[PDB]
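Right, one structure below, let's go through it.
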Ligand SMILES: *[C@@H]1O[C@H](CO)[C@@H](O[C@@H]2O[C@H](CO)[C@@H](O)[C@H](O)[C@H]2NC(C)=O)[C@H](O)[C@H]1NC(C)=O
Ligand SMILES: *[C@@H]1O[C@H](CO)[C@@H](O[C@@H]2O[C@H](CO)[C@@H](O)[C@H](O)[C@H]2NC(C)=O)[C@H](O)[C@H]1NC(C)=O
Ligand SMILES: *[C@@H]1O[C@H](CO)[C@@H](O)[C@H](O)[C@H]1NC(C)=O
């Protein structure tokens, strides 16, 4: 019943602006403070500001006074946050949260990812990593944009001994790797395949790991 | 031109020509009930235009106390003057025997279906600071709040079983919101001058920088109060002991300043 | 500067109800201003500060209430400015506002009200 | 403006061990709350008004304190308690502490190191990436050194770490060395070197481009 | 039953005319026998 629905992930150019949404249901919207919270990747939580009842009743963090603007649309129970003049330091998850009856942030939206970057929608190159004695294999997924990608092994048949590593940023594109460990009775006499999916470019690829 | 009965509790009554600005008559009733002892107190006069029919009942140990005020504007209308079943159940206590403060809250059933559960906070710097029980008061369906340099008022009013239950509200258990309003009291040259007005940190649901101008005190002495308030205060008004009340509200830190 | 309250009493008022005031009183005292001592069975020396009841005459006869049509046309009644100070109220208890030997009250003897010593005994 | 220092930044706790997070306030705050976060998902209210448990928070969790000092205790550490915990003042600046990362303590485990040459297809495309997996190790502290024909190579190295595995409580790291095809082709010897407390000497994995 | 006696300590009866609880004179609901039933 009682919830905060945030709008989807955003890819935006540096210098551009972005406005993101928080739809409130299952309670009386205008009786409660909505707060906004920023979390940069691997970092903490910063309070951005609040809104109460509407656009004319707000408070900001001094740090975000020239960056964030908070609005509300009572007709649809929706809070908005605009972020202007974006740089890479604004790339973060942004959360809305209700300030509840006993004065803590009691209900949170799921978060909206804002990636600030100039890149375009690029499919990955997928590369097989072929090693003896007991067999680790890999798959290199290189030069894609945006996040995410999806990596499986033998269509999900292989699940144990799998490590999928977080993407790193390389020449404004993402690179990621995945290992799978298997018995050497199993590879290369049987077939081992990483399956890579990138929804953004409607690309799905299967790369057999062959012996060098 | 309106004329009202004017009765002290001792029963000495007479007719009273109402002054200008007093165009209602009031009867006020206090019942003090304790085991098999009732004391009824009745008081009558001309009163201000802003008055309404109101009631408040609360238990305080083995005591029950009931206030009612009835007002009318026709001419000696207060010269004259129910009680059957039990309707909405409410939590009750009161600060005169420390009952609220000490958590010795009791249950009370209202007598009219019109009455609601009330919680009123009156922090002044001879009214009780905390009252809980049955009744109907100006600002009722709902809740309203105000605080400034020397005052915290809060009134909560609701129509569901024991909805006035819980710990008592005190200003210190409401968080600073980040909103700042100017506080003052007095009049435009004495008390509410830019020299005497200062910034206070608004708390909890009170985020309106408020200014009420009216009259206070015996005669029509002009009075003014600035501070932090709920939305609901910015729409009567007995919470500041004032009469021809005029309220402006804005929702930006400092906006409250004598402009 | 009010608190018309007497004895052990504490004044409470309410601003939502025209600032009407009254007092919370100890168990042994009754009425708005704690003016009634509902425990005393005996009177003092002169009895000037006796409170509490005895509504009766030396020869068994009700006192007239100090707010009856009749007592309001006598010298001592409940509507005088010094009623509270003299214990004169909406009741028919014997008092002694002018200094006489014992407490007393007004008693109707046919067409006319008359002063009459009160049954209440002395503390001696 | 009230600073909140959370100590420690990271702690590894044994299952069954009593854990104490403290939150320090440069000035006095009447109420402090605590949030739990996993996988950068929404923070979950955990403990509000100092000591009150949010719905579904298990009884091994408590909170206490006042003024400038508050604590979160877990009386006996469980695996699902591994998370980031944030304190927060109840009032206006609504500032959050910098966070305590709570992990599961466990037996030292050495990295399983594998090195991979560039694939044929990446070479036909004009690039060259050498990849090193350092898998299933504990504690998280680890240094990887790349060597080309025996010399340390610092530039063009990208590293990436997993979170603590849910099942064996270890960590894993990927290290990738990216070069031009021509530079790759002008050298033979490629070496991945792991320095971990489980051994006094590095774990080395190399390959020769030629042989 | 119009007039009570049974125990005089049953409380506010949820659905009957005139009652015999402690506060019955506060609601002015009492049956007159209550005054001479469980008194002093
Ligand atoms: C009890 O009080 C509540 C408090 O306002 C009333 O709630 C309102 O009810 C109407 C429709 O019934 C709604 O349109 C209002 O918006 C409600 N206000 C709210 C939810 O705050 C309620 O109706 C009252 N009920 C009775 C029986 O009087
Ligand atoms: C503003 O406030 C003051 C006091 O609260 C007003 O009344 C003062 O009262 C005394 C005693 O009666 C006077 O003799 C003072 O001189 C009064 N002050 C003034 C301004 O004359 C004061 O008059 C109020 N001003 C207004 C605008 O009514
Ligand atoms: C207040 O109550 C009395 C009850 O008799 C009624 O006559 C009068 O109309 C009411 N006045 C208001 C303010 O509605």
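Using Swiss-Prot numbers, chain C covers 29-152, in order.
This entry, so its header tells us, was determined using X-ray crystallography, 2.5 Å.
Heads up, the Cβ atoms here are built off N, Cα and C, so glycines get one too.
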According to Swiss-Prot, one residue among C:38, C:69, C:98 carries the annotation O-linked glycosylation site; which one is it? C:38
Return the member of C:33, C:38, C:39, C:151 nearest to residue C:53 (disulfide bond) in space, with distance defined Cα to Cα and candidates limited to these recorded positions. C:38
Taking the Cβ of residue C:33 (disulfide bond) as the centre, how many other Cβ atoms fall within a 10 Å radius? 20
Taking Cα-Cα distance, which of the disulfide-bonded residues C:33, C:70, C:91, C:133 are within 10 Å of residue C:146 (disulfide bond)? C:91, C:133
In whole Å, note down how far the CA of residue C:51 (disulfide bond) lies from the CA of residue C:31 (disulfide bond). 8
For residue C:51 (disulfide bond), the same-chain residues 6+ apart in sequence with C-beta under 8 angstroms from its C-beta are C:31, C:33, C:34, C:37, C:38, C:39, C:40, C:60, C:61, C:62
For the disulfide-bonded residues C:33, C:39, C:51, return the ones with C-beta distance to chain B below 8 angstroms, or 'none'. C:39
Could you state the CA-to-CA distance between residue C:122 (disulfide bond) and residue C:151 (disulfide bond) to the nearest Å? 16
Using a Cβ-Cβ cut-off under 8 angstroms and a sequence gap of six or more, which residues of the chain neighbour residue C:133 (disulfide bond)? C:83, C:85, C:91, C:92, C:120, C:121, C:122, C:123, C:143, C:144, C:146
